[PDB]
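Here we start with a single chain on its own, the form deposited in one PDB entry, put down as structure tokens.
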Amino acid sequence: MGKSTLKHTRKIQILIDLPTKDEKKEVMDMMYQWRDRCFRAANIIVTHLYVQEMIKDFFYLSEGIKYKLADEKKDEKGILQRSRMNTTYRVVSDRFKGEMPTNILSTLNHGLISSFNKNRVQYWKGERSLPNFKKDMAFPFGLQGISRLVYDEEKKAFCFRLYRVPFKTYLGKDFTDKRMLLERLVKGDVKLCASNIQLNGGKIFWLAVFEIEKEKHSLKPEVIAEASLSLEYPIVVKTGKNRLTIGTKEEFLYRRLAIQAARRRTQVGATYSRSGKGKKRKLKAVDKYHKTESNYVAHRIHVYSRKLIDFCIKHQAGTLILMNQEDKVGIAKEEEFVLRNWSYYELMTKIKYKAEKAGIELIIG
């Protein structure tokens, strides 16, 4: 049987549940410590995974031995004293024990070794650099971190202990969207995957990864929906005599160009702002647009994707084909403006995963 669930990530805001300020500050300092140690750990993992492969390659070219990475107790030619994943986990645990819980490591190391194997051939060949994990990386954690999850009616918020630190859930005015999903996890009706935890300027965010089941619709795959993507009209869709124009040039392209105009306005004007105090202070004004472009284009892409899938659903268009997308990709790679200003990879992945969630099969021509 195939996977009946698709992964999803929700942003639930969680707040430290301690009565006083100094205890909250202690928790927050401990979590900044967790983030910093996790980033150091991830660097350590990728370096430690790069090193022994070069040891293998050096030995191979020196004396032609087919050395391999495995437990020597199970392989004659192996160079490692235990399983490789245990090697990286053990070295990182030894270097950083007693500061952050070891499940951050036991869930980070898996993610890094899984990706290193798939980038192995390119690291041997040489078109990729060793990842340089950033300091704002969210530290991942597993289900061993959630315990005693319950609904406390005194506070009307979900309460749990994330590694011996309590947390109430600040769902706010979300009594229908995620309030149900966590209730589904208290009593065992939804599955929670190993999640990530963000820290952004005094607010904690629990990027919970669930497994949302598909939605069985009244779809007729014989009905075919034709969509055309352009930087003049974002989405144009056909279904027999039914057509919906999704988005406008003014709303998407012209807004994005105005936003870039503001960013360039500010970059030009930053030269004569408060100087003599470092680069960060001068470029505070352009820090303001840290992620404004990405967020606006992201929301517009999401709205277009949802409107298109709703178009298919209301017409029961069980199969969607994106017309002539190969030609558009080809011509776009030659013109800088479209590639920079026509986010087609994000729109493509959004449409693919939404259509695969909703049961609409997507074919690209």
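Residues carry their position along the shown sequence, with the first being 1. Throughout, rigid core stands for the largest set of C-alpha atoms superposing within 1.5 Å between the two forms.
FYI, the form deposited in another entry isn't displayed, but the following is about it.
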Original post:
Upon rigid core superposition, which of the listed residues (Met323, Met28, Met54, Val338) is displaced by 2 angstroms or more at its Cα between the shown form and the other one?
Top reply: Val338
Original post:
Do the C-alpha atoms of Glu335 and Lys352 sit closer or farther apart in the other entry than they do here, given a shift of 3 Å or more?
Top reply: farther
**OP:** Tell me whether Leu339 and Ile246 end up closer or farther apart in the other entry, going by their C-alpha atoms; the shift is 3 Å or more.
**Re:** closer
